[PDB]
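Data first, discussion second: the structure below is written as structure tokens.
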Amino acid sequence: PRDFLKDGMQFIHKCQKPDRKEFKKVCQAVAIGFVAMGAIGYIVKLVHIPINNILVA
Amino acid sequence: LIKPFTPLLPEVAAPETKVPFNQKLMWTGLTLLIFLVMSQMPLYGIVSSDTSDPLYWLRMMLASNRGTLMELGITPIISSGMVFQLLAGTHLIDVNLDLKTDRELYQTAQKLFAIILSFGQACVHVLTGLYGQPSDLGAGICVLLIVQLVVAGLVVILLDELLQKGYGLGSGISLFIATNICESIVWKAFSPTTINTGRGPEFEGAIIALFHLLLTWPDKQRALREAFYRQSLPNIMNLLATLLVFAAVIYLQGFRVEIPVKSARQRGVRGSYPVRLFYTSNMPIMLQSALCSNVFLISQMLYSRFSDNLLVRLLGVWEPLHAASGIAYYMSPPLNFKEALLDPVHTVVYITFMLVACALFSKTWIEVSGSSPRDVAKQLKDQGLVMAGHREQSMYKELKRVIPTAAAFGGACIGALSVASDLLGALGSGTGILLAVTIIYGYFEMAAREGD
Amino acid sequence: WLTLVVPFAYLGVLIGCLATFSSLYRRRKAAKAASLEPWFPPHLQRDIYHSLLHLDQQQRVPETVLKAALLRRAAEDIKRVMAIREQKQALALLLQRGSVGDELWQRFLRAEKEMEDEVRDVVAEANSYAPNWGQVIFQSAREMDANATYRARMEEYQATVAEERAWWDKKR
Amino acid sequence: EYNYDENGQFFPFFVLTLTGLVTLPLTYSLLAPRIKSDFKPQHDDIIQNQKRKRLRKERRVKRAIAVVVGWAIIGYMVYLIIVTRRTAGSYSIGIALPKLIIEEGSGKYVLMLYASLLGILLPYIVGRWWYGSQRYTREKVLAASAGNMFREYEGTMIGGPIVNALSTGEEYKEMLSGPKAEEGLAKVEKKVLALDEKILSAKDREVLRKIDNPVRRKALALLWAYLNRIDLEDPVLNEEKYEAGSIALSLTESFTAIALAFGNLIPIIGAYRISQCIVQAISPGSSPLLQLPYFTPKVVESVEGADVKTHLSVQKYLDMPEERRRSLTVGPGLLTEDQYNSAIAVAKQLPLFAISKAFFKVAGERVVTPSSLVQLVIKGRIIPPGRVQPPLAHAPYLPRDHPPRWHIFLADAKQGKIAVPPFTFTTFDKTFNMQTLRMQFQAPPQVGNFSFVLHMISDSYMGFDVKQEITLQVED
Amino acid sequence: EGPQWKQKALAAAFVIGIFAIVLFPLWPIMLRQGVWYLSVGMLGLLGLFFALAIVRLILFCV
Amino acid sequence: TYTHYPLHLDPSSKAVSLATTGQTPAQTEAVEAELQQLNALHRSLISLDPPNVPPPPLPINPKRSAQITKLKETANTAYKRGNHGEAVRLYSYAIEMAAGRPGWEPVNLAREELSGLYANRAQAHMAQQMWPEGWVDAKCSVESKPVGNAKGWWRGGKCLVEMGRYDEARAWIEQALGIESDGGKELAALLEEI
Amino acid sequence: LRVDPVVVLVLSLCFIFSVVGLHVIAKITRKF
């Protein structure tokens, strides 16, 4: 009902939020990891498309 | 009872002394490229292609492809893990103590079950007539394809230890599924494959399309109207929505309610105990996605045979591959914004089901995982930490006042994030984005805590 | 029946490649481990004792000189093992900081094993020399080493009085 | 299922975007105080040139070829677009890659190229990165050097033999390769062995004579020539000397780490002293009065008496009455007034920590509990003998400039070993104002109270050491 | 020794059994219908248990 | 595996001398010193007893200890009589006699004997106003046994303070207090009198 | 039984190359 939502609002108001510097730093780190994995996978698939099409008759 | 099988099964040697962080990262980066290049390579003897793909909805959760060397994927590892974790939780065998030889025999049995189930899966995949026909393909290529699948299964089941035994920074299962989601995002963003559906060929990629449709099209207004938001292929708006969901979940992961605590064995030393708003992170959405995939597969396999029935028709009706007007349809997420706006009751019931299911799954998982208040308070009492209250404030009371609310709120919060990312139209399902964010965040935290 | 031997041939060549690489890598690792430099400078008392034994075989030499040589060899070995026991814990605590490579740790392990083999060999030879002469040798060896280094320190501290007397006569 | 385009229609845009997304951001890669002294040492040009050579960074050749290749690709693709766009209702998917790649002509070539790449370039570069990130250790020195120097460690050695155990490094190999040894070996050995007095070298002549590999004997003779300010007569070896200085400083850092991990008092108190002597460029065992700029062995030999076994530190020298002017500023001899004035003006600016209160204290209560976390507070004003950064070391006889650090460790006297590793810091919290310094460690679980001895040993300076005795408490 | 041989035989029988049941989709069509009927009966029993649980929950709620 | 060295036993002497050419002067002098020490040990063993096996270090032959004690006693009587010359002469003779203790015997006994002899000779030298000799004798005494030799530290500090070098005396008495009871009071008095 | 990690990586690389060689041998036998 509404008691659960009030308890959630209370838990949110009691929680301490991350600052701007920490958020920016962690976002930059996660973005670095994401871009690394994605670019490696994309390069592998792109270079493997024509080699696969030449290998398979 | 599996003592004689112990010297036969090969296991990776333990590290001599220790491994630095750079060498660990190099081991991980060198063992992941092998998994990728093996997943992109085609098998031999494949004849009958363009065949219906069974366990289609499971390929997003389980790393595999259509006809590559990784058809077995990582299913034996996770299958053995789940069955033996269920056996340990249900307490059927005496394997509960923390003895060294007991856990060694446990891991040996797990590896043996994994390899035998991998062999069984390869055999059933070959002899079911999926790649071809046993009488049509021949009697010589069948055993060759069998051994070609079993060798890859053995390679991956033995390579998992190269990440788990200590040479890797984390586990192996949480990477082979976290890399495919990033792969799908980047390939959906920079796709070079053109799709000529008439009236000029267009690019499947997002940025490639925004460049092409802008450079070789008159009426730049109509060149951007179908480049910012088009519904047929990925666009720029979906990419920006994915970026927004990513930023929001990164910011929201950090909510934690620190509690003051000072030790009592060694006076003076202070500290803090964090309880994140994402308590049991990515567990409830994972359980909900697993349940949804299981019920969808069951409904589809039942409708493929008994479509002319009453209860089957009420369970779910599929059509092109996508359920509609059924229970599985209500469990299915809305396609786009207009698809949500055409039927309000569907969106309402889906929102409510997602929220309630995620919350209740988190609440019932917090008891099985062992992080319950009655457990964590006892663990802290055993470790010696006492609440740094005003006048001997108890720990169990505040801990049991904080933990259940945190869990039952984090479940609904992550469910709402997933449903908002799905309704807004972010690239990839919300489950994929949440997994790819949470796993990377956990590994970043582990790296920051260990060294660097 | 070529269709039934083709996959067997594939498996055979794969297993052969795996084995012929594993054996080669193990041999290369063994050669690299054996190519390491010795820890401490070449032993001299052992050389003198074995030269005396060879002169005996190529012979008349008494056994008192042999007992003296064995005593000196035991003293040298006890000094070596004392140094190793002093350095073991320091190297173990230092390896965690990362300021020392692994080759030094391997050299130290090989030196410890060689010293264990040497002490076993010398106590066996000593038991062969005289009845129940296996532990008294090492008691006498440690006592002789301590007394020798103490006497050296004392002579070194005593040989300085000349400079002090000269300085006092100058300042007077 | 696919069908590659046999024209220059679709791959131009794709390759142009993919090349631009890399060549656009890569172009951005291509696009505290100092002390006051009017004294310039001999051979200023050599040491200043070495100091300038110390730092070097181009960061231009690594990415210039990449940027120029990217821009050439962009240009060629724009040309292809402009040329081909002129000449240019179902379901069919294609790829924006050329046709000659999959044709029966270049298929074998591209397959062999990919096989060779993934079978050669990957393992080679991986082994390169592996064996390239193994030789450098935490203290920025070759692992072989630390391994070779660990063995030379002895039970008790201070002053003299530390230089001998330190000269056996590895950078001297790469610094003295080829015929660079026999070019100077004879002259350097003769000068060091003859000109120096037995007070500064007593028995190290034996260790200098016994060694036979002229890549270590040359380096050790050169190190002694540096540490004595010998001014050997040729303009080619001086740069090697002032470089062996910095090499010996780095090896001194490594040796301090080793001796500290071993655990002793005399080796540590000797490693700190040899670090001070190398940074200041004075012989270990000579009078510390040579830190002033215009002093020579004659002046210090004539000011602190004819022949005495103790050495007047800088403090006791500056605290004398106005007699030193009649002692060393006469001016037919030692010095002139114009130089002595600058000597005093630079002596009145050196850091000298003088602690006044060092009492233990536990956080959370008043009496310290056995096996608890106790932090010692030490506070004393920086008074020269007469997050703020301290001025750099006044040592114009080495290439690199050294920020003066301070090491605070405390040890007992009975067993003669160290108790807690030191807490090296390099900044204060601004005669001067009242500073403060803190350091925490775990108290030992006992009931009996015992005494400690803390050391205020500092590097980059010689003669500034505070040895105070404190008493710990455990009441329970 | 005899107990070790018995345990080895039991382990071999168990691995043969699991290796046989994993190949069940290769049934010889003799016992497939009975297995399907048994699975349907188990599913019906599970559905009846779930319905009984839902009814008990609705009754306790009232 | 062993490095062979061509030896040559000398008959009727039982002393070995390295034959002519280890192709290195350093190796030559090292082997020469080693053979010198080997001849020394051989002489000791042949002078021990007809059995050439050394006895264990558990028992101690009391004759040498008795001779050392009686020499120390007569030297103490000669010193208390008033003379100091023959006193320190006989003290040095007793030190030379105690130094004849072989190495296979325990080292603590000889260490304590040399401690006593050096302390007594340092005191006798202090009675002779010979300060450097007294200082080096006190240094040898305190180097032998540093625990319990309060008189040694006291004599060293007094010799220093008398002969100058106040910094060395401060360090000496500081280490004395760090090691350390009338000895503590005497050390504190000497440190305050510095 | 134990195995060194370098052996595992070289085994995986030899596996990939063996599959590639099998494919290219099949193609060669097809074209000729």
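Read-outs: derived from the displayed coordinates by stated rules, not from any lab. Positions of Cβ are generated from backbone atoms using ideal geometry, with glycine treated the same way; all protein chains shown enter the neighbour counts.
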Margin query: Tell me yes or no: at least one residue of region F:64-80 is surrounded by 13 or more Cβ atoms within 10 Å (Cβ to Cβ), of a type in the set (G, A, S) and within 8 Å of another protein chain (Cβ to nearest Cβ).
Written below: no
Next item on the list: Please go through region B:64-111 and pick out each residue that is closer than 30 Å to B:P42 by Cβ and of a type in the set (S, T, Y).
Entry: B:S64, B:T68, B:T75, B:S79, B:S80
Next item on the list: Using the structure shown, decide if F:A122 is surrounded by 22 or more Cβ atoms within 10 Å (Cβ to Cβ) and closer than 22 Å to C:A159 by Cβ.
Entry: yes
Note to self: If I go through region A:47-57 residue by residue, how many of them are more than 7 Å from chain B (Cβ to nearest Cβ) and assigned to a helix (DSSP H, G or I)?
What the structure shows: 6
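Here's the yes/no breakdown for (1) touching a helix residue (DSSP H, G or I) at 6+ places or on another chain (Cβ under 9 Å); (2) in a loop (DSSP other than H, G, I, E, B); (3) more than 19 Å from D:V15 (Cβ to Cβ):
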position	(1), (2), (3)
B:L162	yes, no, yes
B:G166	yes, yes, yes
B:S171	yes, yes, yes
B:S174	yes, no, yes
B:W187	yes, no, no
B:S191	yes, yes, no
B:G198	no, yes, yes
Item checked: Residues that are within 24 Å of C:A19 (Cβ to Cβ) and not in a helix (DSSP H, G or I), drawn from chain G -> G:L1, G:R2, G:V3, G:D4
Check: Only one of these conditions is not met by D:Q42: (1) more than 26 Å from B:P201 (Cβ to Cβ); (2) assigned to a helix (DSSP H, G or I). Which number is it?
Finding: (2)
Next item on the list: Search region F:181-194 for residues being within 14 Å of chain D (Cβ to nearest Cβ) and surrounded by 15 or more Cβ atoms within 10 Å (Cβ to Cβ), and hand back the single one that is farthest from F:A122 (Cα to Cα).
Entry: F:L191
Note to self: Taking the criterion of being more than 7 Å from chain F (Cβ to nearest Cβ), among the hydroxyl-bearing types (S, T, Y) and in contact with a helix residue (DSSP H, G or I) (Cβ under 7 Å, 6 or more places away or on another chain), would at least one residue in region C:45-52 satisfy it?
What the structure shows: yes
Next item on the list: Scan region D:173-191 residue by residue and report those that are of a type in the set (S, T, Y) and within 21 Å of D:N228 (Cβ to Cβ).
Entry: none
Check: Quick one: in region C:14-38, which of the residues that are more than 8 Å from every other protein chain (Cβ to nearest Cβ) and hydrophobic (A, V, I, L, M, F, W, C) is surrounded by the most Cβ atoms within 10 Å (Cβ to Cβ)?
Finding: C:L36
Item checked: Near pairs, Cβ below 9 angstrom, 6+ apart or cross-chain, from region G:1-26 (more than 7 Å from chain B (Cβ to nearest Cβ) and over 15 Å from C:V13 (Cβ atoms)) to any residue that is aromatic (F, W, Y) and part of a helix (DSSP H, G or I) -> G:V6/C:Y25; G:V7/C:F21; G:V7/C:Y25; G:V10/C:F21; G:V10/C:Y25
Margin query: Given the options B:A178, B:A152, B:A206, name the one that is small (G, A, S), buried (at least 21 other Cβ atoms within 10 Å of the Cβ), within 15 Å of B:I74 (Cβ to Cβ) and more than 14 Å from chain C (Cβ to nearest Cβ).
Written below: B:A178
Next item on the list: Could you look through region C:25-79, keep only residues that are among the charged types (D, E, K, R) and over 25 Å from C:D145 (Cα atoms), and pick out the one that is farthest from the chain's Cα centre (by Cα)?
Entry: C:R60
Next item on the list: Please determine, by comparing only the residues of region F:16-45 that are among the hydrophobic types (A, V, I, L, M, F, W, C) and surrounded by 16 or more Cβ atoms within 10 Å (Cβ to Cβ), which one is farthest from C:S51 (Cα to Cα).
Entry: F:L45
Checklist line | Where C:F8 falls short, out of the listed (1) assigned to a loop (DSSP other than H, G, I, E, B); (2) among the aromatic types (F, W, Y); (3) surrounded by fewer than 18 Cβ atoms within 10 Å (Cβ to Cβ) | finding: (1)
Margin query: Between A:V26, A:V44, which is assigned to a helix (DSSP H, G or I), within 14 Å of the chain's Cα centre (by Cα) and surrounded by 14 or more Cβ atoms within 10 Å (Cβ to Cβ)?
Written below: A:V26
Item checked: Check on B:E398, surrounded by fewer than 21 Cβ atoms within 10 Å (Cβ to Cβ), within 14 Å of chain A (Cβ to nearest Cβ) and not hydrophobic (A, V, I, L, M, F, W, C) -> yes
Notebook entry, point to check: Any residue in region B:82-105 that is part of a helix (DSSP H, G or I) and of a type in the set (D, E)?
Noted result: yes
Item checked: Which numbered condition B:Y131 fails, given (1) over 26 Å from B:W27 (Cβ atoms); (2) within 14 Å of chain C (Cβ to nearest Cβ) -> (2)
Check: Quick one: how many residues across region B:162-215 are within 23 Å of D:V22 (Cα to Cα), more than 15 Å from the chain's Cα centre (by Cα) and of a type in the set (S, T, N, Q)?
Finding: 3
Note to self: Pairs needed: first member in region F:28-49, more than 7 Å from chain C (Cβ to nearest Cβ) and in a helix (DSSP H, G or I); second member anywhere, buried (at least 18 other Cβ atoms within 10 Å of the Cβ) and hydroxyl-bearing (S, T, Y); C-beta distance under 7 Å; at least 6 residues apart or different chains.
What the structure shows: F:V31/F:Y5
Note to self: Going residue by residue through region C:53-60, is there one that turns out to be closer than 26 Å to F:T1 by Cβ and within 14 Å of chain B (Cβ to nearest Cβ)?
What the structure shows: no
Item checked: Answer from D:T329, D:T424, D:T336 - the residue that is under 29 Å from the mean Cα position of the chain (by Cα) and among the hydroxyl-bearing types (S, T, Y) -> D:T424
Notebook entry, point to check: Quick one: is B:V245 away from every other protein chain (no Cβ under 11 Å) and of a type in the set (A, V, I, L, M, F, W, C)?
Noted result: yes
Check: Going by the structure shown, is F:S13 within 12 Å of chain C (Cβ to nearest Cβ), assigned to a loop (DSSP other than H, G, I, E, B) and among the hydroxyl-bearing types (S, T, Y)?
Finding: yes
Notebook entry, point to check: at positive phi and not hydroxyl-bearing (S, T, Y), is that true of B:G254?
Noted result: no
Notebook entry, point to check: Which residues, counting only those in region B:298-329, are surrounded by fewer than 16 Cβ atoms within 10 Å (Cβ to Cβ) and part of a helix (DSSP H, G or I)?
Noted result: B:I298, B:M301, B:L302, B:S304, B:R305, B:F306, B:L310, B:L311, B:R313, B:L314, B:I327
Item checked: Enumeration of residues in region B:14-41 that are away from chain A (no Cβ under 14 Å), surrounded by 15 or more Cβ atoms within 10 Å (Cβ to Cβ) and either touching a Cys at 6+ places or on another chain (Cβ under 8 Å) or not in a helix (DSSP H, G or I) (or both) -> B:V19
Notebook entry, point to check: If we keep just the residues of region D:10-29 that are more than 14 Å from chain B (Cβ to nearest Cβ) and of a type outside the set (A, V, I, L, M), which is surrounded by the most Cβ atoms within 10 Å (Cβ to Cβ)?
Noted result: D:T23
